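Participant: in the first instance, please consider these chains from the complex; the rest will follow:
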Amino acid sequence: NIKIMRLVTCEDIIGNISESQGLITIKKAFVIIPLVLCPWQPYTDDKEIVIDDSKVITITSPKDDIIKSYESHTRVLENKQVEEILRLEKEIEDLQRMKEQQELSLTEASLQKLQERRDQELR
């Protein structure tokens, strides 16, 4: 149910909406800058945002081109996210392996000092 929302604060946002008796929920909202798509709330990790219907100006069905652009944007963002996750996987694996290798070639007294220092760190 991809639709365009007009907010009271002269804002146009496209997203997948679900309508209830008094309030509506929106997913993957994007503000439209005359086109440029920008994340509506780049401060939260919530999947959906609830909003009262009293702050609604117009609800409408967008054009096919807008829907296609919205789909492409979301797909590109998700692909970037999964690529970043894979990159972080590889980086953390490499770092852990090299750190373990460094830890292996240590001295008993140095190991005890490291343990005490880490205990003081966590203190």
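Facilitator: Ah, there it is. Numbers count the residues shown, from 1 in each chain, chains lettered A, B, ... in the order given.
Participant: from here on, contacts and neighbour counts on C-alpha atoms
Facilitator: OK.
Participant: count of neighbours near residue A:74?
Facilitator: Applying other CA atoms under 10 Å, we find 14 other residues in the vicinity of residue A:74.
Participant: secondary structure element holding it?
Facilitator: helix A:64-104 (DSSP states H and E).
Participant: now that helix, how far from the centre of its chain.
Facilitator: The chain centroid and the centroid of helix A:64-104 are separated by 12 Å, computed with CA atoms, centre = their mean, to the nearest Å.
Participant: counting by contacts, list what it packs against.
Facilitator: Counting contacts by 3 or more CA pairs under 8 Å, 6 or more residues apart in numbering; DSSP states H and E, helix A:64-104 packs against no other helix or strand.
Participant: now whichever helix or strand comes after that helix and helix A:64-104, what's the angle there?
Facilitator: Downstream of helix A:64-104, the next assigned helix or strand under DSSP H and E is helix A:108-122. Put simply, helix A:108-122 runs at 140 degrees to helix A:64-104, going by axes from the mean of the first three to the mean of the last three CA atoms, to 10 degrees.
Participant: list the buried ones in helix A:108-122?
Facilitator: For helix A:108-122, a neighbour-count test (16 or more other CA atoms under 10 Å) marks nothing as buried.
Participant: tell me what that helix is packed against?
Facilitator: Against helix A:108-122 (3+ CA pairs under 8 Å, 6+ apart) you get no helix or strand.
Participant: secondary structure class for the closest residue to residue A:19 other than its chain neighbours?
Facilitator: In space, and not counting its chain neighbours, residue A:19 is closest to residue A:25: 6.7 Å by CA to CA, 6 or more residues apart in numbering. For residue A:25, the secondary structure call by DSSP: H, G, I helix; E, B strand; the rest coil comes out as strand.
Participant: chain B follows; place it on the structure:
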Amino acid sequence: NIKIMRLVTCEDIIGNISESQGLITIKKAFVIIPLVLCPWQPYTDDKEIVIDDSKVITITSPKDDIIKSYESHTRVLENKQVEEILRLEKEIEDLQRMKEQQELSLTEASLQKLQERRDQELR
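Facilitator: So that you can see how it sits with the rest, here is chain B on the chains above:
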């Protein structure tokens, strides 16, 4: 038993030595460059190195200043190693936490695609 070793290849190396009937073992060897101390074998992680006595020119007891410098050098190296280990601990902890936070705010389909992609990676 900190002592100075003269090798057949015109080399002077100071280290803690243990003498056996045919071969001798050395720990924390350091070549002396006319003074500059350099690691003797910066390619292995072994704690001690065994060497036949037939390749021995002279064994001798060093001066007090040389022993003090050797002790200071070893202590500084060990302190640097433990500091690096602590730094790596902090870095890997931060990276793992941020990666988990990134993983939390994902989509089910994206998570499935990530799982399949990781399986293909390990393939």
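Participant: and what packs on helix A:108-122, now that chain B is part of it?
Facilitator: Counting contacts by 3 or more CA pairs under 8 Å, 6 or more residues apart in numbering or on different chains; DSSP states H and E, helix A:108-122 is packed against helix B:64-104.
Participant: so what secondary structure elements neighbour the helix it packs on?
Facilitator: Partner elements for helix B:64-104 (3+ CA pairs under 8 Å, 6+ apart): helix A:64-104, helix A:108-122.
Participant: any chance of the ones you listed in CSV, plus distance to residue B:64?
Facilitator: Converted to CSV, the helices and strands packed on helix B:64-104 look like this (distance: least, CA to CA, whole Å):
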stretch, distance to residue B:64
helix A:64-104, 32
helix A:108-122, 24
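Participant: looking at the ones you listed, which is buried most?
Facilitator: helix A:64-104 (a mean of 14; mean count of other CA atoms under 10 Å in any protein chain shown).
Participant: now the residue nearest the centre of chain A. Nearest residue, chain neighbours left out?
Facilitator: Per CA atoms, centre = their mean, the C-alpha nearest to the average position across chain A is that of residue A:45, at 5.7 Å. Leaving aside its sequence neighbours, residue A:45 sits nearest to residue B:105 (CA to CA, 6 or more residues apart in numbering or on different chains; 5.8 Å).
Participant: number of residues surrounding that neighbour?
Facilitator: Residue B:105: 13 surrounding residues under other CA atoms under 10 Å in any protein chain shown.
Participant: tell me who's in contact with it.
Facilitator: A:45, A:46, A:47 (CA atoms under 8 Å, 6 or more residues apart in numbering or on different chains).
Participant: and residue A:55, by the same measure?
Facilitator: A:7, A:8.
Participant: likewise for residue A:31?
Facilitator: With CA under 8 Å, 6+ apart, residue A:31 has these contacts: A:11, A:12, A:13, A:14, A:37, A:38, A:39, A:40.
Participant: please slot chain C in as well:
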Amino acid sequence: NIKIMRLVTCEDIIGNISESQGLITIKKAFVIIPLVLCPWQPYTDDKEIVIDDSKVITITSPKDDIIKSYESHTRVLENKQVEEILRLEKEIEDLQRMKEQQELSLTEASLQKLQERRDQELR
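Facilitator: With chain C now in place:
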């Protein structure tokens, strides 16, 4: 309950909120300038601010990084406040001591004139 508030006047403010049936209270509110945190009401000394729910656009849970930055900002502000209080303590103590020392080395007639002048001041 650190949360992000969207006001009707296109404003985003993070703070510790408490929700009631008709109105909500907020503590340590901070406007977000695209990040920069600014005090929401730098004109009042009240600990909490009450606001009707009819002026609410969205309530949401922020990210971990935002919460950490908010905590650090509040802690830094409180530390600055307590340091300023200590500085003022020291300054007023020094000023009072030096003023008392000045008052000690006076003349009886001058003291009477000072008393009359202070009485006229308060008149």
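Participant: again for what packs on helix A:108-122, chain C present now?
Facilitator: Using 3+ CA pairs under 8 Å, 6+ apart, helix A:108-122 sits against helix B:64-104.
Participant: how is residue A:29 assigned, secondary-structure-wise?
Facilitator: strand.
Participant: surely it meets residue A:15?
Facilitator: Yes - taking CA atoms under 8 Å as the definition, residue A:29 is a contact partner of residue A:15 at 4.4 Å.
Participant: and those two? which has more neighbours close in?
Facilitator: Using other CA under 10 Å, the more surrounded residue of residue A:29 and residue A:15 is residue A:29, with 24 against 20.
Participant: state the number of residues packed around the closest residue to residue A:9 other than its chain neighbours.
Facilitator: Leaving aside its sequence neighbours, residue A:9 sits nearest to residue C:10 (CA to CA, 6+ apart; 6.6 Å). Neighbours of residue C:10 under the rule other CA under 10 Å: 11.
Participant: get me the contact residues on chain A for chain C.
Facilitator: A:9, A:43, A:44, A:45, A:46, A:49, A:50, A:51, A:52, A:55 (CA under 8 Å from any CA of the partner chain).
Participant: okay, these in a markdown table with secondary structure next?
Facilitator: Listed next are those as a markdown table, based on three-state DSSP:
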| residue | secondary structure |
| --- | --- |
| A:9 | coil |
| A:43 | coil |
| A:44 | strand |
| A:45 | coil |
| A:46 | coil |
| A:49 | strand |
| A:50 | strand |
| A:51 | strand |
| A:52 | strand |
| A:55 | helix |
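Participant: which among the residues you listed count as buried?
Facilitator: A:43, A:44, A:45, A:49, A:50, A:51, A:52, A:55 (16 or more other CA atoms under 10 Å in any protein chain shown).
Participant: ok, these vs chain C, which is closest?
Facilitator: Nearest to chain C among those: residue A:44, at 4.7 Å, using CA to the nearest CA.
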